[PDB]
Structures are given as C-alpha cells and as structure tokens.
Amino acid sequence: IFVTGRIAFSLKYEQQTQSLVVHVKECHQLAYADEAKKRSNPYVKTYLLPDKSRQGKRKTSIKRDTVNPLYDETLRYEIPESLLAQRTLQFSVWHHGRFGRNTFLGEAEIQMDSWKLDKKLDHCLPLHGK
C-alpha cells in the first residue's frame, strides 16, 4: 500500500497519575487497503519504543469503512518520567481486514526526550511507509 495522510493527537504527562496521556483524535486521507472497493477499516496502535511487547501496546477501536477515522480515544502509559526521556512514541495505523488480516497503513513517531521539555500539547504528523 502506498501510505498517505496524517494523524492528529495530543500528549500530556500527568504527575497526578505519573502517566503519559496520549489522546488519539483522528486520521485524515488514509490509503485504501481495498482499492477495489475503496475501503479501509482503520485502528491506531502505539508503542513506547523499544518496548514492542504486547502489553507495551495500546490501540484504539476500529472504524469501519473510512479513510478519515475520528477516534477521540485516550491511550495511557503509566510510567515515571525519568524513563520517558529514553523512549520514542510510535503510532502505526492498520486496516483490519478479511479473516482478520491486519494491513499496515502508515506510521509516525515522536521522540520523548525533546518532547519532554515544553511538552507541546497538540500534534499533526504525516504518515510514513516502511
């Protein structure tokens, strides 16, 4: 698939709970996983690299038949702050398809070390292929 589009999200670090709060807002102009029928069924998944273990994983629900999914779903990583400065938060977007096959629709990252300084709230990143 030729990756297109963007992902919007916000990031906060709550001390009141010692956790990175990743709010996934929406993707725009995802590629069609099924070009025949013009269709994608997208969900977003996150890792705080390099933990690519399963419970290092977070994910939104799946939207059916859209390339502009609107999620507004919060994913949350409980994690003291010292260990965050080492990580990269990686979003990847997936088509949940026939027989449950999942097809890659694009990826984007943000390094926490530089983010940690001003902790800018809102972001919108273009997706990359692999």
# chains A, B, ... in the order shown; residues from 1 in each chain; ligands from 1
$ residues_around --residues "residue 40 in chain A" --least-positions-apart "3" --cutoff "12 Å" --atoms "only C-alpha atoms" --output "NGL selection string"
:A and (1 or 27 or 29-37 or 43 or 62-69 or 93-98 or 102-105)
$ residues_around --residues "residue 10 in chain A" --least-positions-apart "3" --cutoff "12 Å" --atoms "only C-alpha atoms" --output "count of residues only"
24
$ closest_residue --among "A:56, A:100, A:50, A:106" --to "residue 87 in chain A" --atoms "only C-alpha atoms"
A:50
$ select_by_dssp --residues "chain A" --states "strand (DSSP E or B)" --output "PyMOL selection string"
chain A and resi 6-14+19-28+34+39+42-49+57-59+70-78+88-96+102-111+122-126+128
$ residues_around --residues "range 58-60 of chain A" --least-positions-apart "6" --cutoff "6 Å" --atoms "only C-alpha atoms" --output "list in words"
residues 43, 44, 45 and 46 of chain A
$ select_by_dssp --residues "range 15-112 of chain A" --states "helix (DSSP H, G or I)" --output "ChimeraX atom specification"
/A:54-56,84-86,98-100,112
$ residues_around --residues "residue 88 in chain A" --least-positions-apart "5" --cutoff "9 Å" --atoms "only C-alpha atoms" --output "list in words"
residues 47, 48, 49, 50, 109, 110, 111, 112 and 113 of chain A
$ write_last_selection --atoms "C-alpha atoms" --output "short mmCIF file (atom, residue, chain, number, x, y, z; two decimals), in the first residue's frame"
data_model
loop_
_atom_site.label_atom_id
_atom_site.label_comp_id
_atom_site.auth_asym_id
_atom_site.auth_seq_id
_atom_site.Cartn_x
_atom_site.Cartn_y
_atom_site.Cartn_z
CA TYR A 47 4.31 1.68 21.29
CA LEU A 48 6.76 3.48 23.51
CA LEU A 49 9.72 2.04 21.62
CA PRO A 50 11.64 -0.10 22.25
CA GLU A 109 6.94 8.86 15.66
CA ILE A 110 7.81 11.44 18.21
CA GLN A 111 10.94 11.27 20.46
CA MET A 112 10.09 11.88 24.10
CA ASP A 113 13.47 13.38 25.06
#
$ atom_distance --atom1 "CA of residue 19 in chain A" --atom2 "CA of residue 80 in chain A"
6.8 Å
$ atom_distance --atom1 "CA of residue 78 in chain A" --atom2 "CA of residue 57 in chain A"
12.2 Å
